[PDB]
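Take a look at this single chain, the form deposited in one PDB entry, given in C-alpha cells.
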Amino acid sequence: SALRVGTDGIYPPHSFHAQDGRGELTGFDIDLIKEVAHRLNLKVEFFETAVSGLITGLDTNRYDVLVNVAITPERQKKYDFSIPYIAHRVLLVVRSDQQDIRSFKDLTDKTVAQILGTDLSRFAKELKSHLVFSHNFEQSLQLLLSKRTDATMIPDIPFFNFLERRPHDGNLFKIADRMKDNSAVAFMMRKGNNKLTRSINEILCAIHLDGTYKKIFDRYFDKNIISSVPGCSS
C-alpha cells in the first residue's frame, strides 16, 4: 500500500526542500507523483539519494519509481517508463562574455561542468571536453561563474528557474547554443509491473483532463518558455 519514490532533493524546481533547503520536500515532479499516488489510494514514501546512486536503488528494490528521467533507447530496453509528463531542452550555457563557444562541437578541449552519472556527462566526455563534476545544477552554474569551467550543458527547466530565483545573476550567463529537439521526461520503474505502469498512465490522463496538470505546471513553470506534453482525450 505504499508507492516508494527515489529522488535527490537539491534540484529546484523538480525536487527541493522548502525554506531555502531547510523544510519539506516539494517541486513539480514531487507534487505530481504525490497526486498520482493519492489517486491510486497509495501513500507515497520518498527516499533521497545522490544522483549517481539513483538508478542502483531502483535496481535493488529500495524504491519503485524514479522521477524526472529522460527517455532514451538504452533505458527503454532495461526499464519501464510512464507516458511522458514534461519535456526539456538541453542548453549550452557559458559566461556572458565568452566568445570561443558557439556550438556543442566547440566543447572539444574546453572545460565543462557536468553531473556525475548523467548522460550529458558522458556526452561531454565523448566530445573530449575536460570535465569537472558537480553535485547539481546550482553547482554547475557556480563552477562556470568562478571560472573553474567554461561551459555547462543544462536543461532549460532548471536554468530558467535559476533565472527566476536569481534575476540579477542572469547577466553573467548566456545561452550559446541549444539542441534542435527537445526530450521527453517520464517516471521510470523496474521492468515487469505492467499493472502499475498502466495505472500511473491512466491517472496522468485524468490529471491532464481535470485541470490538475495545469495547476501543478503553473505552480512551477512559465508556459511561455517551458514545453508541456500534449493532454489526453475523453
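Sequential numbering from 1, following the sequence displayed. Just so we're on the same page, rigid core means the largest C-alpha set that superposes within 1.5 Å between forms.
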*Out of 223-231 and 3-11, which stretch has the higher average CA B-factor listed in the record?*
223-231
*Mean CA B-factor: is it higher for 55-63 or for 192-200?*
192-200
*Member of 153, 145, 86, 157 with the greatest C-alpha B factor (per the PDB record)*: 145
*Highest Cα B-factor in the PDB entry belongs to which of 42, 172, 70, 32?*
42
*asked:* Where does the C-alpha B-factor of residue 101 rank in its chain, lowest, middle or highest third?
replied: highest
_Third of the chain's Cα B-factor distribution that residue 130 belongs to, per the entry_ = lowest
*Pull the Cα B-factor of residue 48 out of the PDB entry and bin it into the chain's lowest, middle or highest third.*
lowest
*By the record's CA B-factor, is residue 118 among the lowest, middle or highest third of residues in the chain?*
middle
_Modelled-residue ranking by C-alpha temperature factor, third containing residue 76_ = highest
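This next part talks about the form deposited in another entry, which is not shown.
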*Honestly, after the rigid core fit, is residue 162 moving at least 2 Å at Cα between the shown form and the other one?*
no
*Taking the rigid core as the frame, does residue 82 move its C-alpha by 2 Å or more between the shown form and the other one?*
no
*asked:* I want to check residue 127: does it shift between the shown form and the other one by 2 Å or more at the Cα, with the core superposed?
replied: yes
_If the C-alpha spacing of residue 118 and residue 59 moves by 3 Å or more in that other deposited form, is that a move closer or farther apart?_
farther
*Quick one: residue 140 and residue 81 C-alpha atoms, closer or farther in that other deposited form compared with this form (3 angstroms or more)?*
farther
